[PDB]
Every structure is written in structure tokens, then in C-alpha cells.
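Enquirer: Here it is, the structure, as C-alpha cells.
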Amino acid sequence: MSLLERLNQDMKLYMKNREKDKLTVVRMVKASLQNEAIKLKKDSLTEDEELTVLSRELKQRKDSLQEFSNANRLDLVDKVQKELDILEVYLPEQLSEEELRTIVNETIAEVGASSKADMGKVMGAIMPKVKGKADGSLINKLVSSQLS
């Protein structure tokens, strides 16, 4: 079953079992996946492209939670937290920044990289290990920073 078939199935399940918070997250994520394919003018996305969208949806919410915390709107912090709890069910286990840094170092080490001229080689070797487990921005960021 594809990601979209899964989301559609869950939409029905949450409508039936009256899980409003779950339903909202599910249809919002579905829409983002559909909008990305529309942007690229194609029927659907590759599975890696879907992972990028899911990671982006997760990051947007993590960023919002922090902003609502800054604003002292704990009711909104709680709402976004619930969305994260729901969304994580559709993604592979997430890597903590420390866990990601470890992988960045491990990959740079094994492929013999040292400078940014080696970025391409490091990114190609690291993606299989981290796609969908951390936000693309952070991955590129940590790799670049560790390279001279």
C-alpha cells in the first residue's frame, strides 16, 4: 500500500472513530504530498521525494511548537505536540541531532572526505542512512560544517 493509499485509509478510520486531531494532520500531509506533485507537474512523487515532504511537514511543526512556546501559548504548544505525535507514525524513527552528527562524522570518515570539494561524495553516501530520519536542511548543514 502506497503512502497516499495509507493516508486515505486512515482518513476514513479517523472519521469513523472520531479522531479529529489525527484526521486533520493526515489530510494536511496528504495535501502537501499532492501539492508537491502538482508543483512538479507529475502524477505522483518518487518515494524519496515523499520522504522529503514528510520531513518538511515535521520540521514546520517542530518550528511552530518552539515559536508558540516563545509566545507562551501553551494550548497551541500542546496542539502542535499532538500533531508531531501523530505525524511521527508515518516516518522512520527520527535521529536526535547528536545521533545525526555521529553519522555525519562516520560517513565523512569512511569515504575519505575532508573538504567541501568532497560534499557530493559525502551526501551520496549519507542519504541512504538518514533520509526521512532528519530534516534535509540540517543534514546538508552538518555535513558542510564538518568539511573544510
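Basis: the model, the stated rules and, where named, an outside source; no laboratory instrument gave them. Note: ideal-geometry Cβ built from the backbone for every residue, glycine included; neighbour counts use all protein chains shown.
Enquirer: Is it true that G136 is out of contact with any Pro (no Cβ under 9 Å at 6 or more places or on another chain), within 19 Å of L33 (Cα to Cα) and not assigned by CATH to the domain that holds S32?
Expert: So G136 passes the test.
Enquirer: While we're here: Evaluate segment 127-147: report whether one residue or more is buried (at least 20 other Cβ atoms within 10 Å of the Cβ) and without any contact (Cβ under 8 Å) to a residue 24 or more places away in the chain.
Expert: Within segment 127-147 (the criterion being buried (at least 20 other Cβ atoms within 10 Å of the Cβ) and without any contact (Cβ under 8 Å) to a residue 24 or more places away in the chain), the answer is no, since none of the residues qualifies.
Enquirer: For the structure I just gave you, tell me whether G132 is out of contact with any strand residue (DSSP E or B) (no Cβ under 8 Å at 6 or more places or on another chain) and at positive phi.
Expert: In short, yes.
Enquirer: Continuing with the same structure: Would you call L87 outside the structural domain of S55 (by CATH) and aliphatic (A, V, I, L, M)?
Expert: In short, no.
Enquirer: Working only within segment 83-101, note down all residues that are under 26 Å from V143 (Cβ atoms), over 10 Å from the mean Cα position of the chain (by Cα), assigned to a helix (DSSP H, G or I) and among the charged types (D, E, K, R).
Expert: Listed by number, the residues that qualify are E97, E98, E99, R101.
Enquirer: Return the pairs, sorted by first residue and then second, in which the second residue is among the polar types (S, T, N, Q), the first residue lies in segment 23-43 and is closer than 15 Å to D10 by Cβ, the beta carbons are less than 9 Å apart, and the residues are 6+ apart or on different chains.
Expert: The qualifying pairs are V26/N8; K30/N8; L33/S44.
Enquirer: Are there any pairs with C-beta distances below 7 angstrom linking a residue in segment 96-115 that is free of Cβ contacts under 8 Å to residues at least 40 places away in the same chain to a residue that is surrounded by fewer than 12 Cβ atoms within 10 Å (Cβ to Cβ) and outside any helix (DSSP H, G or I), with the two at least 6 apart or on different chains, and if so which?
Expert: What qualifies is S114/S148; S115/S148.
Enquirer: I'd like the full set of residues that are crowded, with 16+ Cβ neighbours inside 10 Å and either under 20 Å from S137 (Cα atoms) or within 13 Å of the chain's Cα centre (by Cα) (or both), limited to segment 63-82.
Expert: Result: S64, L65.
Enquirer: Going through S32, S55, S44 one at a time, which residue ends up being polar (S, T, N, Q), within 17 Å of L7 (Cα to Cα) and not in a helix (DSSP H, G or I)?
Expert: Residue meeting the stated conditions: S44.
Enquirer: Within segment 29-78, can you find the residues that are touching a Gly at 6+ places or on another chain (Cβ under 8 Å) and of a type in the set (S, T, Y)?
Expert: Hits for segment 29-78 are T52, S55.
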